[PDB]
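Shown here is one chain on its own, the form solved without inositol-(1,3,4,5)-tetrakisphosphate (4IP), set out as structure tokens.
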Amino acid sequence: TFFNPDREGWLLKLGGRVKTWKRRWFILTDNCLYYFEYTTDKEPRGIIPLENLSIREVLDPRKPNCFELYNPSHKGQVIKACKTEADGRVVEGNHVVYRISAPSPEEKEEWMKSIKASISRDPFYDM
């Protein structure tokens, strides 16, 4: 599934039920954002489907080159996502939004462009 990706790279993501930044290797493919703790990891740490989502720039007090993923449909609606836990639990994410920090302004722009392009490409988008 990670074959022929639209983009791969390091990004910082702000935690949900425990708000802290974690460095994760992201892979954009099949209109989903996959993230790994380490680049050569066989299995992803989580998956964030992009369908029905939007992206916007945001200013953070400590992290630069940030943007957020959010669902426009319903107010404060929990974004559909899935993640693995060390104990083996495969649990659904509880994020209303996803604040991401890119390594540079250039990479932020590139990532925002790729994500939007992927979303608009989905033939099942906005239904």
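The numbering used is simple: start at 1 and walk along the sequence shown.
Of 101 to 109 and 12 to 20, the one with larger mean CA B-factor: Looking at the recorded C-alpha B-factors, 12 to 20 comes out higher on average.
According to the deposited model, is the average Cα temperature factor higher in 76 to 84 or in 61 to 69? According to the PDB entry, the answer is 76 to 84.
For the listed residues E51, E92, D30, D41, which one has the largest C-alpha B-factor as given in the deposited model? Top of the list by C-alpha B-factor: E92.
The form deposited with inositol-(1,3,4,5)-tetrakisphosphate (4IP) bound is left out here; the points below concern that form.
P72, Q77 and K80 each touching inositol-(1,3,4,5)-tetrakisphosphate (4IP) in the bound PDB entry (heavy atom, 4.5 Å): Looking in the bound PDB entry, the three residues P72, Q77 and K80 all stay beyond 4.5 Å of inositol-(1,3,4,5)-tetrakisphosphate (4IP) (heavy atoms).
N94: heavy atom within 4.5 Å of inositol-(1,3,4,5)-tetrakisphosphate (4IP) in the bound PDB entry? Although inositol-(1,3,4,5)-tetrakisphosphate (4IP) is absent here, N94 would touch it in the bound PDB entry, with heavy atoms inside 4.5 Å.
In the bound PDB entry, is there a heavy atom of inositol-(1,3,4,5)-tetrakisphosphate (4IP) that lies within 4.5 Å of any heavy atom of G9, even though the partner is absent here? The answer is no: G9 has no heavy atom within 4.5 Å of inositol-(1,3,4,5)-tetrakisphosphate (4IP).
inositol-(1,3,4,5)-tetrakisphosphate (4IP) contact in the bound PDB entry: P105, any heavy atom under 4.5 Å: Close contact is absent here: in the bound PDB entry, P105 is far from inositol-(1,3,4,5)-tetrakisphosphate (4IP), nothing within 4.5 Å, heavy atoms only.
Would you check, heavy atoms only and a 4.5 Å threshold, whether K113 touches inositol-(1,3,4,5)-tetrakisphosphate (4IP) in the bound PDB entry? Contact with inositol-(1,3,4,5)-tetrakisphosphate (4IP), no.
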